[PDB]
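Line by line, the protein sequences give chains L and A. My numbering puts the first sequence at residues 6 to 537. My numbering puts the second sequence at residues -13 to 36. Structure first, then comments.
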Amino acid sequence: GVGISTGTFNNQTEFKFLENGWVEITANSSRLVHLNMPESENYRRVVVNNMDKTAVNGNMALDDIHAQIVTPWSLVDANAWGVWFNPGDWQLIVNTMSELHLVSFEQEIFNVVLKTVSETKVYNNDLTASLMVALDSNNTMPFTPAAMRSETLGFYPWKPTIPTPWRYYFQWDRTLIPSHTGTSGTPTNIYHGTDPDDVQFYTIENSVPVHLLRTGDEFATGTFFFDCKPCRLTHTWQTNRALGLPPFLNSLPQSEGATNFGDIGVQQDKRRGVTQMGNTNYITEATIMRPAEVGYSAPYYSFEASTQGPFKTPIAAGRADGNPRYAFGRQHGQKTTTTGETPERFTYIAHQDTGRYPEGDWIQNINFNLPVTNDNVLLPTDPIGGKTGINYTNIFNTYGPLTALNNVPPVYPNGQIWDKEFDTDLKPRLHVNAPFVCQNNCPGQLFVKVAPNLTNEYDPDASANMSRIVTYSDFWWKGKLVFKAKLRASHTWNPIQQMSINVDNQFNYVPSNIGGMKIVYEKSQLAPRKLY
Amino acid sequence: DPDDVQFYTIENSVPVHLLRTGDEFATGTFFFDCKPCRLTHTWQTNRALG
């Protein structure tokens, strides 16, 4: 019978507890997905060119030249934490778990309905129409995670959602010689077409099977099993000066009050220890050989060009710069009843304190005559190339064999969960955009489309666009995301940083009288982990 | 920084043994996993390969 409902909603976050303190967090998630018919009948190349908006000199960073194929298909990506955990679940996870393993994942579509509209308007069912569904089980297609544009499924369970129209990058050749306001003329700023040798026109129809669901069937993905290294829900505080055995106090203070300070008694050059100051005797906390380097300075706001055009060189971590900034809309955490097109924004000021503070760095000459003269120092205030606004720290890079770093923290709700590793022989050690890097063939992107429901007028020999019966579909999406996590232990006397509702946000998470609701951003790595 | 504060007592972190002038304490033998060390040095700079 066509009328039999063929799937059950489920959004309950299970928590099963195993031996030796591991817990299987397991988020079911469900949403209603609304798919409109594709306006573009067929696959479509486009080149975007905001020539005027970047031709005015000194506006290099506004460049948006790219070439992309836009398709009749749409993507139902669930790769973001807000799709799976509510604020309470996230609170329990961050406030109790320490280590976290991404285990397995699966999706299904059920209870699809399809409708055809007509002239005031009328809405009619069409039991013969079909949703098209395809899952890229071998990751043939371009991997296009919707998180980085904030185009994943809506985070609210009860609100409907729409899948993003799918597109992918074609190849292009482009150059843009930078400039500044007051440059004497137009720089070279041109689009060299596309190189023949590297075009890749993928199509969903050719690469992967398509199932037709015809208004009464289910699609079900198999359980994919991940292989990622675990993420840590705890941060490190020990910067480089705080590694190793501290000096010994000769004279502790003898009265209470914050103004009092303890004294190292030994003179500057009479201390004992090991330094890399191979020619100079002053052992100091700044000069003593710590075991290795934590964090690294990287050239901040550095832009580099391939032949596909300029891009910002990424940074791993930092104290203004470095910290990521997320811009997101109605379905992705804004107060839903707020009018206007402007997105809401935050910068995630992480506790991942392995960053750098460029205003404090300096160089000085090898002789190290200690009360150093101006000619033997390079400070952050000194110009490079006569440009007063650019200092040595802008161009500096202390990445080295000795450097050590942590993974990027999770960020809730807008953060990405997983990401596929680059398919190169030498692979990047970390991914800036998600914590859990894949190693092998991580979940097949699920593409959906409505089958063309054409009228009697059709004639494919005519070049005009084909006349669709204007149609749309609703279907219920459901998936299961399995983790395994280790609960925290109280190694330290002091309490660790709680996450908690409080007087300054008690009216934040609760819904409003007008029915609007919001998800605010939340920290992830709360408790401190001893690095050394 | 309160986010970073840690405070360890030995007393609430490790078991303690009280020896009272007649006993002895011995560890178990820890076994290492270290990579080897080479007691030899490489003289070839980049100029001297090939």
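Quick reminder that beta carbons are idealized off the backbone N, C-alpha and C, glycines included.
Using the Cβ count rule (16 or more neighbours within 10 Å means buried), how would you classify residue i?
i, result
"residue 391 of chain L", "exposed"
"residue 56 of chain L", "exposed"
"residue 396 of chain L", "buried"
"residue 515 of chain L", "exposed"
"residue 332 of chain L", "exposed"
"residue 4 of chain A", "exposed"
"residue 429 of chain L", "exposed"
"residue 449 of chain L", "buried"
"residue 237 of chain L", "buried"
"residue 344 of chain L", "exposed"
"residue 447 of chain L", "buried"
"residue 454 of chain L", "buried"
"residue 156 of chain L", "buried"
"residue 135 of chain L", "buried"
"residue 356 of chain L", "buried"
"residue 146 of chain L", "buried"
"residue 233 of chain L", "buried"
"residue 128 of chain L", "exposed"
"residue 137 of chain L", "buried"
"residue 441 of chain L", "buried"
"residue 7 of chain A", "exposed"
Can you grab the Cα-Cα spacing for the pair residue i / residue j, in whole Å?
i, j, result
"residue 35 of chain L", "residue 484 of chain L", "7 Å"
"residue 378 of chain L", "residue 370 of chain L", "10 Å"
"residue 278 of chain L", "residue 405 of chain L", "24 Å"
"residue 170 of chain L", "residue 42 of chain L", "10 Å"
"residue 489 of chain L", "residue 52 of chain L", "44 Å"
"residue 407 of chain L", "residue 336 of chain L", "44 Å"
"residue 415 of chain L", "residue 38 of chain L", "26 Å"
"residue 176 of chain L", "residue 70 of chain L", "11 Å"
"residue 117 of chain L", "residue 202 of chain L", "42 Å"
"residue 105 of chain L", "residue 452 of chain L", "29 Å"
"residue -4 of chain A", "residue 445 of chain L", "45 Å"
"residue 22 of chain L", "residue 482 of chain L", "27 Å"
"residue 213 of chain L", "residue 140 of chain L", "7 Å"
"residue 393 of chain L", "residue 383 of chain L", "14 Å"
"residue 266 of chain L", "residue 374 of chain L", "28 Å"
"residue 125 of chain L", "residue 119 of chain L", "20 Å"
"residue 256 of chain L", "residue 297 of chain L", "30 Å"
"residue 182 of chain L", "residue 399 of chain L", "20 Å"
"residue 366 of chain L", "residue 26 of chain L", "44 Å"
"residue 496 of chain L", "residue -6 of chain A", "8 Å"
"residue 160 of chain L", "residue 85 of chain L", "9 Å"
Just list the residues that DSSP pairs residue i with in beta bridges.
i, result
"residue 19 of chain L", "L:31"
"residue 110 of chain L", "L:229 and L:486"
"residue 314 of chain L", "L:311"
"residue 128 of chain L", "L:122"
"residue 409 of chain L", "L:299"
"residue 443 of chain L", "Residue 443 of chain L pairs with nothing; no bridge assigned."
"residue 246 of chain L", "According to DSSP, which records beta bridges pairwise, residue 246 of chain L is partnered with nothing at all."
"residue 349 of chain L", "L:333"
"residue 423 of chain L", "L:441"
"residue 492 of chain L", "L:102"
"residue 392 of chain L", "L:389"
"residue 75 of chain L", "L:49 and L:172"
"residue 116 of chain L", "Its beta-bridge partners do not exist; DSSP assigns none."
"residue 477 of chain L", "L:41 and L:120"
"residue 324 of chain L", "Answer by DSSP bridge pairing: none, since residue 324 of chain L is not bridged."
"residue 459 of chain L", "L:473"
"residue 454 of chain L", "L:137"
"residue 156 of chain L", "Per DSSP, none; premise fails for residue 156 of chain L."
"residue 196 of chain L", "L:179"
"residue 369 of chain L", "L:382"
"residue 280 of chain L", "L:293"
Quick one: measure Cβ to Cβ for residue i and residue j, integer angstroms, because I've assumed they're closer than 8 Å.
i, j, result
"residue 54 of chain L", "residue 196 of chain L", "7 Å"
"residue 536 of chain L", "residue 243 of chain L", "4 Å"
"residue 424 of chain L", "residue 438 of chain L", "6 Å"
"residue 32 of chain L", "residue 95 of chain L", "Residue 32 of chain L to residue 95 of chain L, Cβ: 10 Å. No contact."
"residue 81 of chain L", "residue 162 of chain L", "So it is not a contact: roughly 15 Å between Cβ atoms."
For a cutoff of 7 Å on Cβ pairs, would you count residue i as touching chain C?
i, result
"residue 319 of chain L", "Given the protein chain composition of this structure (L and A), no chain C is represented."
Any residues in the stretch 348 to 360 of chain L with a beta carbon nearer than 8 Å to a beta carbon of chain A? Which ones, in chain order? So the close ones are 356 and 358.
Please list, in chain order, the residues of the stretch 471 to 504 of chain L that have any C-beta partner in chain A closer than 8 Å. 496, 497, 498, 499 and 502
Residues of the stretch -11 to 18 of chain A with Cβ closer than 9 Å to any Cβ of chain L, in chain order: So the close ones are -11, -10, -9, -8, -7, -6, -5, -2 and -1.
For the stretch 397 to 422 of chain L, enumerate the residues whose C-beta is nearer than 9 Å to any C-beta of chain A, in chain order. none
Compile a chain-ordered list of the residues in the stretch 238 to 254 of chain L whose CB is closer than 7 Å to at least one CB of chain A. 242
Scan the stretch 516 to 535 of chain L for residues whose Cβ lies nearer than 7 Å to a Cβ of chain A and list them as they occur along the chain. 533 and 535
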